[PDB]
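Just structure36.cif here, mmCIF, C-alpha atoms; chains and numbers go by the auth columns:
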data_start
loop_
_atom_site.group_PDB
_atom_site.id
_atom_site.type_symbol
_atom_site.label_atom_id
_atom_site.label_comp_id
_atom_site.label_asym_id
_atom_site.label_seq_id
_atom_site.Cartn_x
_atom_site.Cartn_y
_atom_site.Cartn_z
_atom_site.B_iso_or_equiv
_atom_site.auth_seq_id
_atom_site.auth_asym_id
ATOM 1 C CA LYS A 1 240.884 -67.664 15.815 0.00 3471 A
ATOM 2 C CA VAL A 2 243.285 -65.293 14.059 0.00 3472 A
ATOM 3 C CA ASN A 3 246.153 -67.802 14.133 0.00 3473 A
ATOM 4 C CA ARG A 4 244.000 -70.459 12.455 0.00 3474 A
ATOM 5 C CA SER A 5 242.887 -67.912 9.854 0.00 3475 A
ATOM 6 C CA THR A 6 246.478 -66.950 9.016 0.00 3476 A
ATOM 7 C CA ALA A 7 247.569 -70.599 8.880 0.00 3477 A
ATOM 8 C CA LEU A 8 244.759 -71.542 6.503 0.00 3478 A
ATOM 9 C CA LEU A 9 245.416 -68.399 4.440 0.00 3479 A
ATOM 10 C CA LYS A 10 249.063 -69.294 3.852 0.00 3480 A
ATOM 11 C CA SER A 11 248.140 -72.951 3.276 0.00 3481 A
ATOM 12 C CA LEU A 12 245.533 -71.989 0.669 0.00 3482 A
ATOM 13 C CA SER A 13 247.967 -69.607 -1.038 0.00 3483 A
ATOM 14 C CA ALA A 14 250.389 -72.532 -1.281 0.00 3484 A
ATOM 15 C CA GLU A 15 247.497 -74.585 -2.674 0.00 3485 A
ATOM 16 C CA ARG A 16 246.851 -71.875 -5.281 0.00 3486 A
ATOM 17 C CA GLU A 17 250.495 -71.962 -6.374 0.00 3487 A
ATOM 18 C CA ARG A 18 250.586 -75.769 -6.462 0.00 3488 A
ATOM 19 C CA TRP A 19 247.372 -75.991 -8.452 0.00 3489 A
ATOM 20 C CA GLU A 20 248.336 -73.386 -11.042 0.00 3490 A
ATOM 21 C CA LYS A 21 251.532 -75.427 -11.427 0.00 3491 A
ATOM 22 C CA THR A 22 249.305 -78.480 -11.911 0.00 3492 A
ATOM 23 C CA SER A 23 247.322 -76.588 -14.561 0.00 3493 A
ATOM 24 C CA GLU A 24 250.456 -75.653 -16.499 0.00 3494 A
ATOM 25 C CA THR A 25 251.685 -79.262 -16.285 0.00 3495 A
ATOM 26 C CA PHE A 26 248.305 -80.361 -17.661 0.00 3496 A
ATOM 27 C CA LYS A 27 248.761 -77.917 -20.535 0.00 3497 A
ATOM 28 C CA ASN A 28 252.244 -79.344 -21.161 0.00 3498 A
ATOM 29 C CA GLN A 29 251.014 -82.959 -21.333 0.00 3499 A
ATOM 30 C CA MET A 30 248.763 -82.093 -24.294 0.00 3500 A
ATOM 31 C CA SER A 31 251.853 -81.695 -26.477 0.00 3501 A
ATOM 32 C CA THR A 32 252.986 -85.265 -25.804 0.00 3502 A
ATOM 33 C CA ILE A 33 249.711 -87.243 -25.718 0.00 3503 A
#

Rewritten as structure tokens:
Amino acid sequence: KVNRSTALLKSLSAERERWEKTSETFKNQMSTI
């Protein structure tokens, strides 16, 4: 279904943004360990 495809597309784009934020947080934690 097209609606399901669009919903999962926007959800996975949000996941991409969240997980690149997680990656940069992981890079930040190296400075403090």

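If you look at atom CA of residue 3491 of chain A and atom CA of residue 3477 of chain A, they are 21.2 Å away from each other.
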
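Separating atom CA of residue 3480 of chain A from atom CA of residue 3499 of chain A is a distance of 28.7 Å.
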
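Coordinates place atom CA of residue 3483 of chain A at a distance of 26.4 Å from atom CA of residue 3500 of chain A.
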